[PDB]
Amino acid sequence: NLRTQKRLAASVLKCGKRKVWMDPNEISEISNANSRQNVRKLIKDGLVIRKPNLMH
Amino acid sequence: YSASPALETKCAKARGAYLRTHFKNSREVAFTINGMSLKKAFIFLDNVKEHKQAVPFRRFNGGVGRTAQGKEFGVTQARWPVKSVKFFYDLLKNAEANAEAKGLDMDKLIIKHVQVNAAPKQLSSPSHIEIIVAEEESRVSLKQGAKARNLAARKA
Amino acid sequence: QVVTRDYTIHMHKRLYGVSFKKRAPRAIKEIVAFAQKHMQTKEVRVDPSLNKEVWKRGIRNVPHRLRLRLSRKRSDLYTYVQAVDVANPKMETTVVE
RNA sequence: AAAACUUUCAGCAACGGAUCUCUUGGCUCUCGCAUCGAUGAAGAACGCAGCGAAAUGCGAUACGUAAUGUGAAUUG
RNA sequence: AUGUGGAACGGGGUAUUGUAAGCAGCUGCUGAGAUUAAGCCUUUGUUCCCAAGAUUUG
RNA sequence: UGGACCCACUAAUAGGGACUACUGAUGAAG
RNA sequence: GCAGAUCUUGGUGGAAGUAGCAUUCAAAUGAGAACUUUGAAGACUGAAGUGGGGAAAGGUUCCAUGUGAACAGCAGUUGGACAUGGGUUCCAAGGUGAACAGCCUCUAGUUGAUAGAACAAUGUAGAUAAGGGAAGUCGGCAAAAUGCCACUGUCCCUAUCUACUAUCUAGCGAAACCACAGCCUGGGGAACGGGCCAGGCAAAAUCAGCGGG
RNA sequence: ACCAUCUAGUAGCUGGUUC
RNA sequence: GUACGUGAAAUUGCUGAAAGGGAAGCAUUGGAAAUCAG
């Protein structure tokens, strides 16, 4: 489960849960990180991608 | 156990108690798989789990739907209780393992005894389950005797 | 054993009279069922993109005929099912090299 | 004219907790005594044990301290 | 359980609808195009499958 | 018999009594 | 000294396994996945929200980690559940439109209600119907006609179509009631009955309808 | 409206009443 | 074996035996099968 990781990533990226996307082949790496700094480092590395707003 | 067998000569035992399964379905599965060969029982339980055969319902047959897969046992009513079969499959795994421990010949094992008893009601009705596998394998009166004597002399 | 064959499906006869709300699910059901009866296998694996063209036109509107490719790839023998796009879906079953 | 099903009989196993035996309990009777509190009673609350949640014990000295007696424990 | 065998497509026939985009000058390509078995007929078309498993049987 | 004693049709519009069974569906067996 | 008291208390049955109770793909985890999670699609709620906050009230339900049960009326690897620690009434986008209407969205949020398979008798809800237009019914009951004439399946006379219940499957799973039982005709002074008498008769196990009794 | 006592009430009856 | 002394009946399951064409249970007389007894 990555509900806690998703919530932390959403808070760090200031984006909704729908806008947060994760690599299907990085479940172990995403689950390992539990700190806000680790989430930011993963976001910088590209592990978590923020989906841009679509249409209006 | 219930029956005079379970002598260590050619038997192996297993049991379960307070198993969270309905008593009536477990009884019907126990009645059906009684007397079969052990490996034969396994595929049959695999068939029931996969709907390629059905266990006849005989005593607790209230409201069972009639199916064509109950034709081998001569009944019209059949059902596929998969919860109780899973309980029986685990029990047969353990009984098979106990047969390994004692050192029988597993190719010729048969279900010699299987019995399901009601358990302390807790509502649901738990069931005690027990399985045994084993191997297969006047006078002559003075007048009556005198006539016998005379007829004995007669033949010679 | 390992073979790749390109098939085509006539869903309209297979979806004739099917409830509108269940048009899309039964479709996917039928493709996998079709897969078994032509691949002689029981378990399959469907490309998620294939389901995308299954659900392009919603839940109740499924195209009458679809073009599919079946590959008997070795298990980790499974059948990967892929969408194949052609200008017209009306050609005979082909054996893709 | 089988098996299944029902019923009856016996064996075995369940279920249930009767019966028997017991008992630091109750009940009854008799006998003895007179002793609460503004010097804060009866009752209540919160705490106090090494690990206790239980019952009693106790009040920040907190399952007690002082003194006397016994004599070498406490106990999961 | 190997054959005028069976299946999946495809072609033809029969049908329902009413002339598809695009091009050219309302008109012509256009009774076109689409659908056609899901309880329609047929198939020298292409491909595959089957010469099995379990049970019960004097 | 059809319509509000009636008014037509009609061959005629006579007078009266009042769990198991029922209907289908499987089915073991000499 | 118990067979009764719609006896008291406890235990146990038949009834009965009976009545009954909008998602799709792929991947990962896990003994075990239709319910956990991730990626994708389908959608749904839609700024008077299923959004973001507070007051009253609750009190640790907050957070991370851990999971044999029990609880989450299916399931469960998940959980406001269990265990261990840690922790202090306000705001209101776009289009349509007069509009904070309805509809579609924007940001955000949900996929949860046992599920599967079919579609037959019944019923519920909804439509169309040739010809006649109150002949049905105590009757314009209900729709139809708009938002004496006229319309209408009320009827002649019903037919067809759609969803759901319904049936079956996996799981979960009652209670009323119960002296004992359950074929029929006549007779048994009555009350003639389910038992008696005289007959008709009478072959397991069942499934679904009708409820006659 | 409820509660506890008086109460083990009025019972001219209903039911039961043990080898 | 902590669902712990003894473990009854109702009640359920398994095995063995027997019976059964719209009930059963009971009684008298015997037969058959089992099992005793002097």
# chains A, B, ... in the order shown; residues from 1 in each chain; ligands from 1
call {"tool": "select_by_dssp", "arguments": {"residues": "chain A", "states": "strand (DSSP E or B)", "output": "JSON, numbers by chain"}}
result
{"A": [20, 21, 22, 48, 49, 50]}
call {"tool": "write_last_selection", "arguments": {"atoms": "N, CA, C and O atoms", "output": "compact mmCIF listing (two decimals), in the first residue's frame"}}
result
# COMPACT_ATOMS: atom_id res chain seq x y z
N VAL A 20 -1.35 13.05 -9.22
CA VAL A 20 -0.14 12.34 -8.83
C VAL A 20 -0.09 11.00 -9.54
O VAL A 20 -1.06 10.22 -9.49
N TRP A 21 1.03 10.71 -10.20
CA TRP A 21 1.24 9.45 -10.89
C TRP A 21 2.58 8.87 -10.50
O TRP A 21 3.55 9.60 -10.26
N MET A 22 2.64 7.55 -10.42
CA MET A 22 3.84 6.83 -10.02
C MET A 22 4.23 5.81 -11.08
O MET A 22 3.38 5.29 -11.81
N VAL A 48 7.94 10.38 -9.03
CA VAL A 48 6.55 10.82 -9.00
C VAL A 48 6.38 11.94 -10.01
O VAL A 48 7.18 12.89 -10.03
N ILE A 49 5.36 11.84 -10.85
CA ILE A 49 5.08 12.81 -11.90
C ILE A 49 3.74 13.46 -11.62
O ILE A 49 2.74 12.77 -11.38
N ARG A 50 3.71 14.79 -11.66
CA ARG A 50 2.49 15.55 -11.44
C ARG A 50 1.76 15.72 -12.78
O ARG A 50 2.32 16.29 -13.72
call {"tool": "select_by_dssp", "arguments": {"residues": "chain A", "states": "alpha helix (DSSP H)", "output": "list in words"}}
result
residues 3, 4, 5, 6, 7, 8, 9, 10, 11, 12, 13, 27, 28, 29, 30, 31, 32, 36, 37, 38, 39, 40, 41, 42, 43, 44 and 45 of chain A
call {"tool": "atom_distance", "arguments": {"atom1": "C1' of residue 11 in chain D", "atom2": "CA of residue 31 in chain B"}}
result
19.9 Å
call {"tool": "closest_atom_pairs", "arguments": {"of": "chain G", "to": "chain B", "cutoff": "12 Å", "atoms": "only C-alpha atoms (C1' of nucleotides)", "output": "JSON lines"}}
result
{"residue": "G:12", "atom": "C1'", "partner": "B:121", "partner_atom": "CA", "distance": 11.4}
{"residue": "G:15", "atom": "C1'", "partner": "B:62", "partner_atom": "CA", "distance": 11.4}
{"residue": "G:16", "atom": "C1'", "partner": "B:62", "partner_atom": "CA", "distance": 7.2}
{"residue": "G:17", "atom": "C1'", "partner": "B:62", "partner_atom": "CA", "distance": 6.8}
{"residue": "G:18", "atom": "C1'", "partner": "B:62", "partner_atom": "CA", "distance": 7.3}
{"residue": "G:19", "atom": "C1'", "partner": "B:63", "partner_atom": "CA", "distance": 11.7}
{"residue": "G:31", "atom": "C1'", "partner": "B:90", "partner_atom": "CA", "distance": 11.7}
{"residue": "G:32", "atom": "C1'", "partner": "B:86", "partner_atom": "CA", "distance": 11.4}
{"residue": "G:69", "atom": "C1'", "partner": "B:20", "partner_atom": "CA", "distance": 12.0}
{"residue": "G:167", "atom": "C1'", "partner": "B:65", "partner_atom": "CA", "distance": 9.8}
{"residue": "G:168", "atom": "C1'", "partner": "B:65", "partner_atom": "CA", "distance": 6.8}
{"residue": "G:169", "atom": "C1'", "partner": "B:79", "partner_atom": "CA", "distance": 8.5}
{"residue": "G:170", "atom": "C1'", "partner": "B:82", "partner_atom": "CA", "distance": 7.4}
{"residue": "G:171", "atom": "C1'", "partner": "B:83", "partner_atom": "CA", "distance": 8.4}
{"residue": "G:172", "atom": "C1'", "partner": "B:124", "partner_atom": "CA", "distance": 9.4}
{"residue": "G:173", "atom": "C1'", "partner": "B:124", "partner_atom": "CA", "distance": 8.6}
{"residue": "G:174", "atom": "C1'", "partner": "B:123", "partner_atom": "CA", "distance": 9.8}
{"residue": "G:204", "atom": "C1'", "partner": "B:75", "partner_atom": "CA", "distance": 11.7}
{"residue": "G:205", "atom": "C1'", "partner": "B:75", "partner_atom": "CA", "distance": 7.9}
{"residue": "G:206", "atom": "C1'", "partner": "B:76", "partner_atom": "CA", "distance": 7.4}
{"residue": "G:207", "atom": "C1'", "partner": "B:66", "partner_atom": "CA", "distance": 7.0}
{"residue": "G:208", "atom": "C1'", "partner": "B:65", "partner_atom": "CA", "distance": 10.5}
call {"tool": "closest_atom_pairs", "arguments": {"of": "chain E", "to": "chain C", "cutoff": "8 Å", "atoms": "only C-alpha atoms (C1' of nucleotides)", "output": "tab-separated table"}}
result
residue	atom	partner	partner_atom	distance
E:8	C1'	C:38	CA	7.7
E:9	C1'	C:92	CA	5.2
E:10	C1'	C:92	CA	5.4
E:37	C1'	C:13	CA	6.5
E:38	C1'	C:13	CA	4.1
E:46	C1'	C:92	CA	6.0
E:47	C1'	C:93	CA	5.8
E:48	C1'	C:38	CA	7.1
E:49	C1'	C:38	CA	7.9
call {"tool": "write_last_selection", "arguments": {"atoms": "N, CA, C and O atoms (P, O5', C5', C4', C3', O3' and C1' of nucleotides)", "output": "PDB file, in the first residue's frame"}}
result
ATOM      1  P     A E   8     -18.323 -20.939 -35.427  1.00  0.00           P
ATOM      2  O5'   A E   8     -16.973 -20.135 -35.667  1.00  0.00           O
ATOM      3  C5'   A E   8     -16.156 -19.742 -34.575  1.00  0.00           C
ATOM      4  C4'   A E   8     -14.939 -19.002 -35.057  1.00  0.00           C
ATOM      5  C3'   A E   8     -15.202 -17.926 -36.094  1.00  0.00           C
ATOM      6  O3'   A E   8     -15.624 -16.708 -35.511  1.00  0.00           O
ATOM      7  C1'   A E   8     -13.412 -19.288 -36.812  1.00  0.00           C
ATOM      8  P     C E   9     -16.447 -15.641 -36.379  1.00  0.00           P
ATOM      9  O5'   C E   9     -15.311 -14.836 -37.146  1.00  0.00           O
ATOM     10  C5'   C E   9     -15.577 -14.222 -38.394  1.00  0.00           C
ATOM     11  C4'   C E   9     -14.354 -14.222 -39.270  1.00  0.00           C
ATOM     12  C3'   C E   9     -14.570 -13.768 -40.701  1.00  0.00           C
ATOM     13  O3'   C E   9     -14.576 -12.358 -40.827  1.00  0.00           O
ATOM     14  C1'   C E   9     -13.311 -15.769 -40.688  1.00  0.00           C
ATOM     15  P     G E  10     -15.743 -11.631 -41.651  1.00  0.00           P
ATOM     16  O5'   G E  10     -15.404 -11.979 -43.164  1.00  0.00           O
ATOM     17  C5'   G E  10     -14.157 -11.604 -43.723  1.00  0.00           C
ATOM     18  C4'   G E  10     -13.913 -12.302 -45.034  1.00  0.00           C
ATOM     19  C3'   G E  10     -15.068 -12.282 -46.017  1.00  0.00           C
ATOM     20  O3'   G E  10     -15.158 -11.064 -46.732  1.00  0.00           O
ATOM     21  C1'   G E  10     -14.192 -14.468 -45.876  1.00  0.00           C
ATOM     22  P     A E  37     -24.121 -12.493 -40.274  1.00  0.00           P
ATOM     23  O5'   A E  37     -24.123 -14.071 -40.489  1.00  0.00           O
ATOM     24  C5'   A E  37     -25.287 -14.859 -40.182  1.00  0.00           C
ATOM     25  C4'   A E  37     -25.543 -14.830 -38.697  1.00  0.00           C
ATOM     26  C3'   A E  37     -26.172 -16.090 -38.106  1.00  0.00           C
ATOM     27  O3'   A E  37     -25.749 -16.237 -36.760  1.00  0.00           O
ATOM     28  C1'   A E  37     -27.658 -14.271 -37.851  1.00  0.00           C
ATOM     29  P     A E  38     -25.320 -17.671 -36.162  1.00  0.00           P
ATOM     30  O5'   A E  38     -25.765 -17.542 -34.637  1.00  0.00           O
ATOM     31  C5'   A E  38     -27.085 -17.143 -34.297  1.00  0.00           C
ATOM     32  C4'   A E  38     -27.087 -16.030 -33.280  1.00  0.00           C
ATOM     33  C3'   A E  38     -28.427 -15.714 -32.637  1.00  0.00           C
ATOM     34  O3'   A E  38     -28.759 -16.609 -31.590  1.00  0.00           O
ATOM     35  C1'   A E  38     -27.369 -13.704 -33.290  1.00  0.00           C
ATOM     36  P     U E  46      -8.012 -22.356 -49.711  1.00  0.00           P
ATOM     37  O5'   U E  46      -6.991 -21.780 -48.638  1.00  0.00           O
ATOM     38  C5'   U E  46      -6.391 -20.507 -48.814  1.00  0.00           C
ATOM     39  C4'   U E  46      -6.345 -19.751 -47.514  1.00  0.00           C
ATOM     40  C3'   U E  46      -6.115 -20.600 -46.278  1.00  0.00           C
ATOM     41  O3'   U E  46      -4.757 -20.953 -46.085  1.00  0.00           O
ATOM     42  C1'   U E  46      -7.909 -19.125 -45.881  1.00  0.00           C
ATOM     43  P     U E  47      -4.387 -22.420 -45.550  1.00  0.00           P
ATOM     44  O5'   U E  47      -4.498 -22.276 -43.969  1.00  0.00           O
ATOM     45  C5'   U E  47      -3.878 -21.189 -43.300  1.00  0.00           C
ATOM     46  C4'   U E  47      -4.498 -20.953 -41.949  1.00  0.00           C
ATOM     47  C3'   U E  47      -4.661 -22.183 -41.074  1.00  0.00           C
ATOM     48  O3'   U E  47      -3.464 -22.566 -40.423  1.00  0.00           O
ATOM     49  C1'   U E  47      -6.665 -20.944 -41.056  1.00  0.00           C
ATOM     50  P     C E  48      -3.139 -24.123 -40.206  1.00  0.00           P
ATOM     51  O5'   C E  48      -3.889 -24.478 -38.848  1.00  0.00           O
ATOM     52  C5'   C E  48      -3.698 -23.678 -37.693  1.00  0.00           C
ATOM     53  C4'   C E  48      -4.895 -23.724 -36.777  1.00  0.00           C
ATOM     54  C3'   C E  48      -5.231 -25.077 -36.180  1.00  0.00           C
ATOM     55  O3'   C E  48      -4.416 -25.398 -35.067  1.00  0.00           O
ATOM     56  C1'   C E  48      -7.204 -24.055 -36.986  1.00  0.00           C
ATOM     57  P     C E  49      -4.013 -26.923 -34.775  1.00  0.00           P
ATOM     58  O5'   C E  49      -5.335 -27.549 -34.152  1.00  0.00           O
ATOM     59  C5'   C E  49      -5.964 -26.947 -33.032  1.00  0.00           C
ATOM     60  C4'   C E  49      -7.294 -27.592 -32.746  1.00  0.00           C
ATOM     61  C3'   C E  49      -7.312 -29.107 -32.823  1.00  0.00           C
ATOM     62  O3'   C E  49      -6.791 -29.724 -31.662  1.00  0.00           O
ATOM     63  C1'   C E  49      -9.159 -28.250 -34.004  1.00  0.00           C
TER      64        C E  49
END
call {"tool": "interface_residues", "arguments": {"of": "chain A", "to": "chain G", "cutoff": "10 Å", "atoms": "only C-alpha atoms (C1' of nucleotides)", "output": "ChimeraX atom specification"}}
result
/A:1-4,16-18,21-28,34,53-56
call {"tool": "write_last_selection", "arguments": {"atoms": "C-alpha atoms", "output": "CSV table (one decimal), in the first residue's frame"}}
result
chain,number,residue,atom,x,y,z
A,1,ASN,CA,0.0,0.0,0.0
A,2,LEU,CA,1.2,3.5,-0.9
A,3,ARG,CA,-1.7,5.6,0.5
A,4,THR,CA,0.7,7.3,2.9
A,16,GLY,CA,-4.5,16.6,-6.0
A,17,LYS,CA,-4.5,12.8,-5.7
A,18,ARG,CA,-5.6,12.6,-9.3
A,21,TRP,CA,1.2,9.5,-10.9
A,22,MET,CA,3.8,6.8,-10.0
A,23,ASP,CA,6.0,4.6,-12.1
A,24,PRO,CA,4.5,1.0,-12.2
A,25,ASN,CA,8.1,-0.4,-12.0
A,26,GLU,CA,9.1,1.7,-8.9
A,27,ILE,CA,6.8,0.3,-6.2
A,28,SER,CA,9.6,-0.9,-4.0
A,34,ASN,CA,8.7,7.6,4.2
A,53,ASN,CA,-4.4,20.2,-15.7
A,54,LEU,CA,-6.4,19.1,-18.8
A,55,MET,CA,-9.0,21.1,-20.8
A,56,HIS,CA,-10.4,24.0,-18.7
call {"tool": "atom_distance", "arguments": {"atom1": "CA of residue 118 in chain B", "atom2": "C1' of residue 14 in chain D"}}
result
6.5 Å
call {"tool": "residues_around", "arguments": {"residues": "range 24-31 of chain I", "least_positions_apart": "2", "cutoff": "12 Å", "atoms": "only C-alpha atoms (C1' of nucleotides)", "output": "ChimeraX atom specification"}}
result
/D:6-8 /G:180-181,195 /I:20,33
call {"tool": "write_last_selection", "arguments": {"atoms": "N, CA and C atoms (P, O5', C5', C4', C3', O3' and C1' of nucleotides)", "output": "PDB file, in the first residue's frame"}}
result
ATOM      1  P     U D   6     -32.921 -39.680   5.961  1.00  0.00           P
ATOM      2  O5'   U D   6     -34.219 -40.325   6.615  1.00  0.00           O
ATOM      3  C5'   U D   6     -35.478 -39.685   6.489  1.00  0.00           C
ATOM      4  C4'   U D   6     -36.614 -40.611   6.834  1.00  0.00           C
ATOM      5  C3'   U D   6     -36.526 -41.302   8.181  1.00  0.00           C
ATOM      6  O3'   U D   6     -36.899 -40.468   9.261  1.00  0.00           O
ATOM      7  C1'   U D   6     -37.131 -42.875   6.539  1.00  0.00           C
ATOM      8  P     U D   7     -36.175 -40.629  10.685  1.00  0.00           P
ATOM      9  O5'   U D   7     -36.709 -42.024  11.231  1.00  0.00           O
ATOM     10  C5'   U D   7     -38.090 -42.216  11.496  1.00  0.00           C
ATOM     11  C4'   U D   7     -38.414 -43.669  11.730  1.00  0.00           C
ATOM     12  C3'   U D   7     -37.631 -44.359  12.832  1.00  0.00           C
ATOM     13  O3'   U D   7     -38.113 -44.068  14.131  1.00  0.00           O
ATOM     14  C1'   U D   7     -37.672 -45.739  10.924  1.00  0.00           C
ATOM     15  P     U D   8     -37.088 -44.001  15.364  1.00  0.00           P
ATOM     16  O5'   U D   8     -36.780 -45.529  15.689  1.00  0.00           O
ATOM     17  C5'   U D   8     -37.822 -46.416  16.062  1.00  0.00           C
ATOM     18  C4'   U D   8     -37.364 -47.854  16.057  1.00  0.00           C
ATOM     19  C3'   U D   8     -36.092 -48.163  16.826  1.00  0.00           C
ATOM     20  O3'   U D   8     -36.275 -48.230  18.229  1.00  0.00           O
ATOM     21  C1'   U D   8     -36.021 -49.245  14.736  1.00  0.00           C
TER      22        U D   8
ATOM     23  P     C G 180     -45.955 -34.245  18.276  1.00  0.00           P
ATOM     24  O5'   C G 180     -46.566 -35.600  17.711  1.00  0.00           O
ATOM     25  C5'   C G 180     -46.116 -36.859  18.187  1.00  0.00           C
ATOM     26  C4'   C G 180     -46.827 -37.979  17.474  1.00  0.00           C
ATOM     27  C3'   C G 180     -46.791 -37.897  15.959  1.00  0.00           C
ATOM     28  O3'   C G 180     -45.603 -38.450  15.425  1.00  0.00           O
ATOM     29  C1'   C G 180     -49.011 -38.273  16.680  1.00  0.00           C
ATOM     30  P     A G 181     -45.033 -37.942  14.016  1.00  0.00           P
ATOM     31  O5'   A G 181     -45.800 -38.849  12.960  1.00  0.00           O
ATOM     32  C5'   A G 181     -46.232 -38.317  11.720  1.00  0.00           C
ATOM     33  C4'   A G 181     -47.605 -38.819  11.361  1.00  0.00           C
ATOM     34  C3'   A G 181     -48.179 -38.288  10.061  1.00  0.00           C
ATOM     35  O3'   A G 181     -47.702 -39.001   8.936  1.00  0.00           O
ATOM     36  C1'   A G 181     -49.804 -38.122  11.768  1.00  0.00           C
ATOM     37  P     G G 195     -59.608 -41.329   8.936  1.00  0.00           P
ATOM     38  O5'   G G 195     -58.606 -42.241   9.765  1.00  0.00           O
ATOM     39  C5'   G G 195     -59.102 -43.280  10.597  1.00  0.00           C
ATOM     40  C4'   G G 195     -58.024 -43.859  11.475  1.00  0.00           C
ATOM     41  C3'   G G 195     -58.533 -44.739  12.610  1.00  0.00           C
ATOM     42  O3'   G G 195     -57.583 -45.766  12.874  1.00  0.00           O
ATOM     43  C1'   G G 195     -57.365 -42.897  13.509  1.00  0.00           C
TER      44        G G 195
ATOM     45  P     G I  20     -40.622 -55.578   4.909  1.00  0.00           P
ATOM     46  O5'   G I  20     -41.186 -54.124   4.602  1.00  0.00           O
ATOM     47  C5'   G I  20     -42.258 -53.597   5.367  1.00  0.00           C
ATOM     48  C4'   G I  20     -42.409 -52.111   5.173  1.00  0.00           C
ATOM     49  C3'   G I  20     -42.501 -51.629   3.739  1.00  0.00           C
ATOM     50  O3'   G I  20     -43.789 -51.807   3.182  1.00  0.00           O
ATOM     51  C1'   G I  20     -41.001 -50.257   4.937  1.00  0.00           C
ATOM     52  P     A I  33     -32.700 -70.044  12.152  1.00  0.00           P
ATOM     53  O5'   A I  33     -31.958 -68.675  12.478  1.00  0.00           O
ATOM     54  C5'   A I  33     -31.189 -68.017  11.484  1.00  0.00           C
ATOM     55  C4'   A I  33     -30.777 -66.637  11.924  1.00  0.00           C
ATOM     56  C3'   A I  33     -29.951 -66.555  13.197  1.00  0.00           C
ATOM     57  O3'   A I  33     -28.580 -66.847  13.003  1.00  0.00           O
ATOM     58  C1'   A I  33     -31.691 -64.982  13.310  1.00  0.00           C
TER      59        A I  33
END
call {"tool": "closest_atom_pairs", "arguments": {"of": "chain I", "to": "chain B", "cutoff": "12 Å", "atoms": "only C-alpha atoms (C1' of nucleotides)", "output": "tab-separated table"}}
result
residue	atom	partner	partner_atom	distance
I:3	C1'	B:120	CA	8.9
I:11	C1'	B:118	CA	10.2
I:12	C1'	B:118	CA	6.4
I:13	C1'	B:117	CA	5.0
I:14	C1'	B:115	CA	5.6
I:15	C1'	B:3	CA	7.1
I:16	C1'	B:3	CA	11.3
call {"tool": "write_last_selection", "arguments": {"atoms": "N, CA and C atoms (P, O5', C5', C4', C3', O3' and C1' of nucleotides)", "output": "PDB file, in the first residue's frame"}}
result
ATOM      1  P     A I   3     -10.004 -23.917  27.976  1.00  0.00           P
ATOM      2  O5'   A I   3     -11.374 -24.690  27.740  1.00  0.00           O
ATOM      3  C5'   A I   3     -12.483 -24.492  28.610  1.00  0.00           C
ATOM      4  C4'   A I   3     -13.650 -25.376  28.245  1.00  0.00           C
ATOM      5  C3'   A I   3     -13.394 -26.877  28.354  1.00  0.00           C
ATOM      6  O3'   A I   3     -14.591 -27.535  28.762  1.00  0.00           O
ATOM      7  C1'   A I   3     -13.941 -26.322  26.113  1.00  0.00           C
ATOM      8  P     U I  11     -34.691 -37.044  20.775  1.00  0.00           P
ATOM      9  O5'   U I  11     -33.489 -36.209  20.162  1.00  0.00           O
ATOM     10  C5'   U I  11     -33.643 -34.832  19.861  1.00  0.00           C
ATOM     11  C4'   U I  11     -32.324 -34.211  19.488  1.00  0.00           C
ATOM     12  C3'   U I  11     -31.522 -34.952  18.436  1.00  0.00           C
ATOM     13  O3'   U I  11     -31.973 -34.714  17.117  1.00  0.00           O
ATOM     14  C1'   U I  11     -30.111 -34.389  20.231  1.00  0.00           C
ATOM     15  P     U I  12     -31.873 -35.875  16.014  1.00  0.00           P
ATOM     16  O5'   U I  12     -30.380 -35.755  15.476  1.00  0.00           O
ATOM     17  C5'   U I  12     -29.908 -34.525  14.949  1.00  0.00           C
ATOM     18  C4'   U I  12     -28.406 -34.498  14.829  1.00  0.00           C
ATOM     19  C3'   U I  12     -27.761 -35.644  14.073  1.00  0.00           C
ATOM     20  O3'   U I  12     -27.870 -35.524  12.667  1.00  0.00           O
ATOM     21  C1'   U I  12     -26.552 -35.236  16.051  1.00  0.00           C
ATOM     22  P     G I  13     -28.019 -36.838  11.758  1.00  0.00           P
ATOM     23  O5'   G I  13     -26.524 -37.338  11.559  1.00  0.00           O
ATOM     24  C5'   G I  13     -25.562 -36.508  10.930  1.00  0.00           C
ATOM     25  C4'   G I  13     -24.161 -37.006  11.169  1.00  0.00           C
ATOM     26  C3'   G I  13     -23.881 -38.439  10.752  1.00  0.00           C
ATOM     27  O3'   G I  13     -23.649 -38.574   9.361  1.00  0.00           O
ATOM     28  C1'   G I  13     -23.021 -38.076  12.912  1.00  0.00           C
ATOM     29  P     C I  14     -23.977 -39.959   8.616  1.00  0.00           P
ATOM     30  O5'   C I  14     -22.834 -40.943   9.117  1.00  0.00           O
ATOM     31  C5'   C I  14     -21.492 -40.760   8.696  1.00  0.00           C
ATOM     32  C4'   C I  14     -20.579 -41.790   9.308  1.00  0.00           C
ATOM     33  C3'   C I  14     -20.967 -43.242   9.085  1.00  0.00           C
ATOM     34  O3'   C I  14     -20.592 -43.743   7.817  1.00  0.00           O
ATOM     35  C1'   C I  14     -20.474 -42.918  11.359  1.00  0.00           C
ATOM     36  P     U I  15     -21.472 -44.898   7.131  1.00  0.00           P
ATOM     37  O5'   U I  15     -21.108 -46.207   7.962  1.00  0.00           O
ATOM     38  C5'   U I  15     -19.781 -46.710   7.989  1.00  0.00           C
ATOM     39  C4'   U I  15     -19.612 -47.786   9.034  1.00  0.00           C
ATOM     40  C3'   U I  15     -20.560 -48.968   8.939  1.00  0.00           C
ATOM     41  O3'   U I  15     -20.167 -49.915   7.963  1.00  0.00           O
ATOM     42  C1'   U I  15     -20.458 -48.229  11.175  1.00  0.00           C
ATOM     43  P     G I  16     -21.281 -50.701   7.118  1.00  0.00           P
ATOM     44  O5'   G I  16     -21.921 -51.707   8.173  1.00  0.00           O
ATOM     45  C5'   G I  16     -21.149 -52.757   8.732  1.00  0.00           C
ATOM     46  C4'   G I  16     -21.900 -53.489   9.815  1.00  0.00           C
ATOM     47  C3'   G I  16     -23.296 -53.970   9.463  1.00  0.00           C
ATOM     48  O3'   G I  16     -23.301 -55.158   8.691  1.00  0.00           O
ATOM     49  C1'   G I  16     -23.327 -52.953  11.591  1.00  0.00           C
TER      50        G I  16
END
call {"tool": "residues_around", "arguments": {"residues": "range 123-125 of chain G", "least_positions_apart": "2", "cutoff": "9 Å", "atoms": "only C-alpha atoms (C1' of nucleotides)", "output": "PyMOL selection string"}}
result
chain G and resi 163-166
call {"tool": "interface_residues", "arguments": {"of": "chain E", "to": "chain B", "cutoff": "10 Å", "atoms": "only C-alpha atoms (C1' of nucleotides)", "output": "PDB file with N, CA, C and O atoms (P, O5', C5', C4', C3', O3' and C1' of nucleotides), in the first residue's frame"}}
result
ATOM      1  P     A E  54      -8.612 -41.331 -17.718  1.00  0.00           P
ATOM      2  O5'   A E  54      -9.796 -40.870 -16.757  1.00  0.00           O
ATOM      3  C5'   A E  54      -9.556 -39.977 -15.680  1.00  0.00           C
ATOM      4  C4'   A E  54     -10.847 -39.491 -15.075  1.00  0.00           C
ATOM      5  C3'   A E  54     -11.884 -40.563 -14.778  1.00  0.00           C
ATOM      6  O3'   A E  54     -11.643 -41.261 -13.570  1.00  0.00           O
ATOM      7  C1'   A E  54     -12.919 -38.789 -15.922  1.00  0.00           C
ATOM      8  P     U E  55     -11.935 -42.839 -13.486  1.00  0.00           P
ATOM      9  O5'   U E  55     -13.481 -42.926 -13.119  1.00  0.00           O
ATOM     10  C5'   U E  55     -14.048 -42.071 -12.140  1.00  0.00           C
ATOM     11  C4'   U E  55     -15.531 -41.906 -12.354  1.00  0.00           C
ATOM     12  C3'   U E  55     -16.330 -43.195 -12.457  1.00  0.00           C
ATOM     13  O3'   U E  55     -16.655 -43.729 -11.185  1.00  0.00           O
ATOM     14  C1'   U E  55     -16.948 -41.735 -14.216  1.00  0.00           C
ATOM     15  P     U E  56     -16.648 -45.314 -10.937  1.00  0.00           P
ATOM     16  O5'   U E  56     -18.047 -45.797 -11.523  1.00  0.00           O
ATOM     17  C5'   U E  56     -19.263 -45.209 -11.086  1.00  0.00           C
ATOM     18  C4'   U E  56     -20.411 -45.609 -11.977  1.00  0.00           C
ATOM     19  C3'   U E  56     -20.493 -47.088 -12.313  1.00  0.00           C
ATOM     20  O3'   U E  56     -21.112 -47.847 -11.289  1.00  0.00           O
ATOM     21  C1'   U E  56     -20.742 -45.815 -14.290  1.00  0.00           C
TER      22        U E  56
END
